[PDB]
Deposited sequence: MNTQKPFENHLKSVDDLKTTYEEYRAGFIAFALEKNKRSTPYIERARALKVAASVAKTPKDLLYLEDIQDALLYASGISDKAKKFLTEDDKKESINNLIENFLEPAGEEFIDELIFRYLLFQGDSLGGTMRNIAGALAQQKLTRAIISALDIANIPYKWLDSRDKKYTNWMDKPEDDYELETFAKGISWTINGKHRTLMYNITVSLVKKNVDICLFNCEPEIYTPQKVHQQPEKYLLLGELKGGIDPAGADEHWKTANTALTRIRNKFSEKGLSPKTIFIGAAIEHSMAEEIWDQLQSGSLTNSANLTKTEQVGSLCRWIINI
């Protein structure tokens, strides 16, 4: 009856299975290896460039490698934002005095090894963002397939076009269209619906993963649904990012209610553990959350998407 009751019969219907977790970790590793090559090649290139220095101090004169030297000195690009030029030069001198000179004849590999060791945290950062985008793509693929299977045309917004205004008609074969869709728009029963991802919602003044608008492809009454989408596969992060999402959804509910609005709210997650599953179920029963789906379970995702399209 209730939307979620179509694909959820018990609390643990929401729980991610052991096989789904192993599959996710394997796919994450495959993508990590695919993404790794440019990092190793940049390290190979750095060694070629740095190798013209005959002494660690000589590295200070190869302007082409100074950013790499700052990185190898233990400064992430996130940290670099907070350092003055002096701090940066000092960090590089520390690398030269504390590690490169002491490595003596092995100073070039000392540099390359440190540059890779710290760049590994950068690749890790990149991979966490990649996992997020792939999750969004998976949900979009489920949404457009649901429209396609129902013979409902739609328009889409290309994430590459930052004016984010040119709504294009669905191509004949929308194979992999989800790779670049920032939003999807359709009409069902006369009503126009526009789904957008990662939008700043003015009433809460916070970004929201999923937003469904009552409007042909800001005005609080136009928000039909707001939802959080967690594509992480790590069970150790399941409750962590659910605690985060729950405050996000409460900020939403609080601000909208103040205005007399009750938009629908949803939570979709690939890593769902027992405790958090109990809380999601309680919220669905109490009406505080409108629907939910475990992203690794096709039938749930499909049911939720068909429901979304008909809202």
- Query: Which bits of the deposited sequence have no atoms placed for their C-alpha?
  - Reply: 1 to 3, 221 to 229
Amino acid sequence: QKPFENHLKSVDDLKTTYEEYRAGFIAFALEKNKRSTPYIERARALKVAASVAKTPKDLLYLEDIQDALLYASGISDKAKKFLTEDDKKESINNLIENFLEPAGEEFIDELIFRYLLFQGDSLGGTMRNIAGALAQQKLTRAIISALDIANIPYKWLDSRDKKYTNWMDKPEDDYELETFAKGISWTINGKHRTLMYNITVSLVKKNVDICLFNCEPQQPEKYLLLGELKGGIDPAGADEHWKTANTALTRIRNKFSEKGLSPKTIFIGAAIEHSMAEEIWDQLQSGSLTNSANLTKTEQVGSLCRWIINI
From here on, numbers count along this sequence of modelled residues.
- Item | Selected stretch [higher average CA B-factor]: 37 to 45 or 250 to 258 | 250 to 258
- Name the higher of the two by mean Cα B-factor in the PDB entry, 46 to 54 versus 65 to 73. 46 to 54
- Task: Can you pull the Cα B-factors for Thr165, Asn151, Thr126, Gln137 from the entry and say which is highest?
- Result: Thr165
- Reading the B-factor column for Cα atoms of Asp161, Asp109, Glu178, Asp239, the highest value belongs to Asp161
- Chain-relative C-alpha B factor for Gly183 (record values, thirds): the middle
- If you rank every modelled residue in this chain by C-alpha B factor, which third holds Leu59: lowest, middle or highest? highest
- Task: Would you please rank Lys222 by its C-alpha temperature factor against the other modelled residues of its chain and give the third it falls in: lowest, middle or highest?
- Result: highest
- Task: Taking the chain's C-alpha temperature factors as the reference, tell me which third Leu295 falls into: lowest, middle or highest.
- Result: lowest
- Task: Compare the C-alpha B factor of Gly24 with those of the other modelled residues in its chain, then answer lowest, middle or highest third.
- Result: lowest
